[PDB]
2 protein chains.
Amino acid sequence: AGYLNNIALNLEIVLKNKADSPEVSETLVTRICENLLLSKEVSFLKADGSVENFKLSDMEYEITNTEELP
Amino acid sequence: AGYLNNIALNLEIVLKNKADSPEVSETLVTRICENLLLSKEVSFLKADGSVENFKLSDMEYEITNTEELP
């Protein structure tokens, strides 16, 4: 038979930028992430170097940490 | 004024397959997802045909639903 499966992926990503405060750093990252919300397809660069594409049904995000660099 | 941000992305993806049972379907999906865990990058396709690439630090997954197709 055929089956459809919906899978929840919880990812953590790292994004660096330049800004005069962590608040502005967060606004910059937020704009980027907000523009991803309706993406239809996500791809992973796997450990062996192959790329796999998947249908993306939903996305949510939240910033976890913002840290000044030396 | 450089900043690092760690961002949590919560994605829902779809996988379809063929199997004799939902149990086997979930085993198949689990093998696919296990092979994503050590990915180095995740990428999103935008509606305007641009791709945004992000460095992955962590991943976890869980199957949400498994449904027989007609």
Side-chain angles (χ1 to χ4, degrees):
Chain A
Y3 296 87
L4 181 157
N5 295 262
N6 298 290
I7 310 95
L9 314 183
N10 306 125
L11 311 185
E12 197 79 12
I13 62 153
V14 65
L15 263 177
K16 288 169 159 146
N17 61 26
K18 294 199 185 150
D20 83 320
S21 66
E23 293 87 344
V24 170
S25 184
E26 292 188 348
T27 297
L28 291 167
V29 163
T30 294
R31 185 172 202 210
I32 290 165
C33 288
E34 195 73 6
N35 283 328
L36 299 173
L37 290 176
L38 302 180
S39 171
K40 300 290 195 201
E41 187 172 55
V42 61
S43 78
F44 290 83
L45 176 59
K46 293 176 292 180
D48 61 11
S50 70
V51 172
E52 187 173 1
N53 305 327
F54 302 92
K55 177 179 175 173
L56 183 60
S57 41
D58 186 48
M59 176 186 172
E60 294 102 2
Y61 72 96
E62 71 170 354
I63 299 177
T64 310
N65 311 133
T66 304
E67 304 178 8
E68 195 169 350
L69 295 172
Chain B
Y3 293 90
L4 177 148
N5 294 265
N6 293 297
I7 308 109
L9 314 179
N10 302 303
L11 305 188
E12 199 75 16
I13 61 162
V14 184
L15 284 170
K16 287 188 172 166
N17 60 31
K18 295 180 171 189
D20 298 340
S21 67
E23 287 85 350
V24 173
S25 186
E26 290 190 347
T27 295
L28 292 174
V29 160
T30 293
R31 195 156 64 226
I32 295 296
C33 292
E34 285 292 296
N35 283 336
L36 301 179
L37 287 178
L38 299 171
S39 295
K40 291 297 144 280
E41 181 184 296
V42 61
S43 301
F44 297 88
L45 177 64
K46 293 176 52 183
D48 68 1
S50 64
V51 175
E52 303 193 1
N53 301 298
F54 304 96
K55 180 176 173 168
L56 204 41
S57 315
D58 192 39
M59 173 177 353
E60 292 190 332
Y61 70 94
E62 160 170 57
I63 300 178
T64 306
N65 312 296
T66 303
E67 301 170 18
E68 193 171 350
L69 295 169

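Every chain is numbered from 1 and lettered A, B, ... according to where its sequence line falls, protein lines coming before strand lines. Both backbone and side-chain heavy atoms feed into the values below; hydrogens, waters and symmetry mates do not.
Closest of all the heavy-atom pairs between A/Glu52 and B/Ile32 is OE2-CG2, 3.7 Å. The two residues A/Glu68 and B/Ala1 come nearest to each other via the heavy atoms OE2-N, 4.4 Å. Between A/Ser50 and A/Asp48 the shortest heavy-atom distance is OG-OD1, 2.8 Å. Closest approach of A/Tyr3 and B/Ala19 over heavy atoms only: CE1-O, 3.4 Å.
Cluster annotation: B/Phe44 is not connected to A/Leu28 through the hydrophobic network of ILVMFWY side chains, with a link wherever side-chain heavy atoms come within less than 4.5 Å. Under a hydrophobic clustering in which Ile, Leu, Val, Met, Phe, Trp and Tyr are joined whenever their side-chain heavy atoms come within less than 4.5 Å, directly or via other members, A/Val42 and B/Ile63 fall into the same cluster. Grouping the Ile, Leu, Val, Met, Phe, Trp and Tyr side chains by contacts below 4.5 angstrom, directly or via other members, places B/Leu37 with B/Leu56.
Residues A/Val51 and A/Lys46 fail the side-chain proximity criterion, which asks for heavy atoms closer than 4.5 Å. Side chains of B/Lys16 and B/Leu69 form a contact here, defined as non-hydrogen atoms less than 4.5 Å apart. Counting only heavy atoms from C-beta outward, the side chains of A/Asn35 and A/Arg31 approach each other to under 4.5 Å.
Side-chain atoms of A/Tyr61 and A/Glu34 form a donor-acceptor pair, as typed in the model, at a separation below 3.5 Å. B/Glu41 and B/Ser39 are not linked by any side-chain donor-acceptor pair at a separation below 3.5 angstrom, with hydrogens and angles left out of the test.
When the shell of 6.0 Å around NZ of B/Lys40 is examined, it contains more than 12 heavy atoms from other residues, nucleotides or ligands.
Atom SG of A/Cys33 and atom CZ of B/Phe54 lie 6.0 Å apart (nearest 0.5 Å).
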Please list every donor-acceptor pair under 3.5 Å in which a side-chain atom of residues 4-15 of chain B meets a protein atom from a residue at least two apart or in another chain.
from: B/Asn5; atom 1: OD1; to: A/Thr66; atom 2: OG1; distance (Å): 2.7
from: B/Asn5; atom 1: ND2; to: A/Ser25; atom 2: OG; distance (Å): 2.9
from: B/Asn6; atom 1: ND2; to: A/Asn65; atom 2: OD1; distance (Å): 3.0
from: B/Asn10; atom 1: OD1; to: A/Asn10; atom 2: ND2; distance (Å): 2.9
from: B/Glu12; atom 1: OE2; to: A/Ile7; atom 2: N; distance (Å): 3.3
from: B/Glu12; atom 1: OE2; to: B/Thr64; atom 2: OG1; distance (Å): 2.6

